[PDB]
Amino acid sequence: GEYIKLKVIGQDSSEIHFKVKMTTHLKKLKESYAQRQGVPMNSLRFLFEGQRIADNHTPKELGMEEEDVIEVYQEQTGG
């Protein structure tokens, strides 16, 4: 396939960029980000246009393009 570059913005305004294929499940991006922050993956929620990114979402499914932004927040009360 071919790759797009996504920018992941943290609560402290820091950024890590990820190159990902249009068909790759975004679980792998979440794991890498959490690993690099040194926190459990389940302590974080990952949002695209404010909507929750699921483990089996792909960039194609979400309509993501080159240089789109993902925001990371702490997980919230409830489901």
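Numbering starts at 1 and follows the sequence shown.
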query: Third of the chain, ranked by Cα B-factor, where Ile9 sits; finding: lowest
query: Chain-relative CA temperature factor third for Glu71; finding: lowest
query: Record-listed C-alpha B factor of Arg52: chain third; finding: lowest
query: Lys30 CA temperature factor, ranked by third within the chain; finding: lowest
query: B-factor third for the C-alpha atom of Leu62 within its chain; finding: middle
